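**Q** Sequence, then the experimental structure. Questions to follow.
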Amino acid sequence: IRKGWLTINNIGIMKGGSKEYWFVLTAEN
Amino acid sequence: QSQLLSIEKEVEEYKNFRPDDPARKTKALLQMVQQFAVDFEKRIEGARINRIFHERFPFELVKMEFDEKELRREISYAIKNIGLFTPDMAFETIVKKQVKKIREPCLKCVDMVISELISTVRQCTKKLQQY
Amino acid sequence: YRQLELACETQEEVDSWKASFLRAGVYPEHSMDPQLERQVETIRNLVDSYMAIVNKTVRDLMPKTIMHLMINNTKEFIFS
Amino acid sequence: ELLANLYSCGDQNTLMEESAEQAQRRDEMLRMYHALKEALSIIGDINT
Amino acid sequence: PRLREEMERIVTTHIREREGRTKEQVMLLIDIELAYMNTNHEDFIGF
């Protein structure tokens, strides 16, 4: 339903570093 | 002789006056008005000087205001004045206030355009018409 | 990631994303502050869209009112 | 040079003149003008 | 009336004053070209 830029605070080595991702919120996922 | 051809082309008009003649007066006035009209068609065909105001108008419209949480609290106070639910009249009143603050940019843009032209047309009245 | 944490830029954004989370199915941490913020924000977005389109159309319309009454009449004035 | 040549040649009256169509035309315009103004006055009189 | 005729006559007499100039000019223009007959053109040179 709702997409938007939102930042993760703590990010692992495999993902990357501090970054604001594009979250896609759905009623299931 | 070749450089005197310009003096011949100048004294061909100097050949017949004897001033204060109505024929030459009216012909001179009409040709001055005609070339003044030619300047009126060639001034555009203040071109960029007016087009900058033509493309400056969206800047003045984007510049103000879009603020702030006071508006949210104030429409809540409007509900306090009238209760639930919130009608569209508050929405209409607020968009009226927001075009109310754009009322003056339109008039000042008209002021700038007429100030842009108020010198352009008279610019060719001081150097063409020396009389 | 000690821990899995997510950031929102402001607090009304936190409230809007948590409200969307509650609508999607996240357990909470009818009603007091919602959905006054949702109603005002929806009207606020309507204000934004309507102001955008009305600014575009008045920006398209005011050259017509400065051409018709001023430039065209000045043209016919210098003509005849 | 066109305006100069046309202004040099004469006469001013016989250069462009009647053509009684335009004179009759403007006379009809004035007579219809007075008649319609009178009709507007009569209608105003009836309404008041 | 009486102006279309004067306008047309002045313009036609002007054109009849222009025709001698332009016929002389076009004949002179094509007549200049017969003087030197160069071989200094941009085409391929001899031999």
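**A** Yep, that arrived. Numbers count the residues shown, from 1 in each chain, chains lettered A, B, ... in the order given.
**Q** Find the centremost residue of the chain, please.
**A** Here I'm looking at chain A. residue A:21 (4.1 Å; CA atoms, centre = their mean).
**Q** Not quite, go with chain E.
**A** Most central in chain E (CA atoms, centre = their mean) works out to residue E:26, at 2.7 Å.
**Q** ok, now chain C?
**A** Nearest to the geometric centre of chain C sits residue C:48, at 2.0 Å (CA atoms, centre = their mean).
**Q** Secondary structure element holding that one?
**A** In this assignment (DSSP states H and E), residue C:48 forms part of helix C:36-66.
**Q** what does residue B:113 give?
**A** helix B:88-117.
**Q** again with residue D:41
**A** Going by DSSP H and E, residue D:41 is part of helix D:20-47.
**Q** Only the buried residues of that helix, if you could.
**A** By 16 or more other CB atoms under 10 Å in any protein chain shown, helix D:20-47 has no buried positions at all. For every residue, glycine as well, the C-beta is placed using N, CA and C.
**Q** and that helix, does that touch chain E?
**A** No - among the residues of helix D:20-47, none lie within reach of chain E under CB under 8 Å from any CB of the partner chain; the closest is 10.5 Å away.
**Q** and the residue in chain B that chain C sits nearest to, how many neighbours?
**A** In chain B, the residue that lies nearest chain C is residue B:61 (4.7 Å; CB to the nearest CB). The number of residues packed near residue B:61 is 20, by other CB atoms under 10 Å in any protein chain shown.
**Q** Next, it: secondary structure please.
**A** helix (DSSP: H, G, I helix; E, B strand; the rest coil).
**Q** Now do the contacts for it.
**A** Residues in contact with residue B:61 (CB atoms under 8 Å, 6 or more residues apart in numbering or on different chains) are B:102, B:105, C:55, C:58, C:59.
**Q** repeat that with 10 Å
**A** Going by CB atoms under 10 Å, 6 or more residues apart in numbering or on different chains, residue B:61 touches B:99, B:102, B:105, B:106, B:109, C:51, C:52, C:54, C:55, C:56, C:58, C:59.
**Q** ok so, going back, which strands and helices lie in contact with the helix holding residue B:113?
**A** Helix B:88-117 sits against helix B:47-62, helix B:69-81, helix C:36-66, with contacts defined as 3 or more CB pairs under 10 Å, 6 or more residues apart in numbering or on different chains; DSSP states H and E.
**Q** can we see that at 6 Å?
**A** Counting contacts by 3 or more CB pairs under 6 Å, 6 or more residues apart in numbering or on different chains; DSSP states H and E, helix B:88-117 is packed against helix B:47-62.
**Q** in the helix it packs on, what's buried?
**A** Buried, per 16+ other CB under 10 Å, within helix B:47-62: B:50, B:53, B:57, B:60, B:61.
**Q** do the same with stretch B:23-31
**A** residue B:27.
**Q** mind checking how far the residue lying closest to residue C:3 once chain neighbours are set aside is from chain E?
**A** Nearest residue to residue C:3, sequence neighbours excluded (CB to CB, 6 or more residues apart in numbering or on different chains): residue A:10, at 6.6 Å. Using CB to the nearest CB, to the nearest Å, residue A:10 is found at 75 Å from chain E.
**Q** From the opening residue of stretch E:31-47 to its closing one, how far?
**A** 30 Å (CA to CA, to the nearest Å).
**Q** Residues touching that stretch, excluding its own?
**A** Outside stretch E:31-47, no residue is within contact range by CB atoms under 6 Å, 6 or more residues apart in numbering or on different chains.
**Q** In a strand, the residue nearest to the centre of chain A, correct?
**A** Yes - counting by three-state DSSP, one finds residue A:21 located in a strand.
**Q** Contact partners for it?
**A** Contacts of residue A:21 by CB under 6 Å, 6+ apart: none found.
**Q** picking that back up, list the buried residues in the helix holding residue B:113.
**A** B:90, B:91, B:94, B:95, B:98, B:102, B:105, B:106, B:109, B:112, B:113, B:117.
**Q** what about the next helix or strand after that helix, near chain C?
**A** Reading on from helix B:88-117 to the C-terminus, the next helix or strand found by DSSP H and E is helix B:120-123. No - applying CB under 6 Å from any CB of the partner chain, one finds helix B:120-123 separated from chain C by no less than 8.1 Å.
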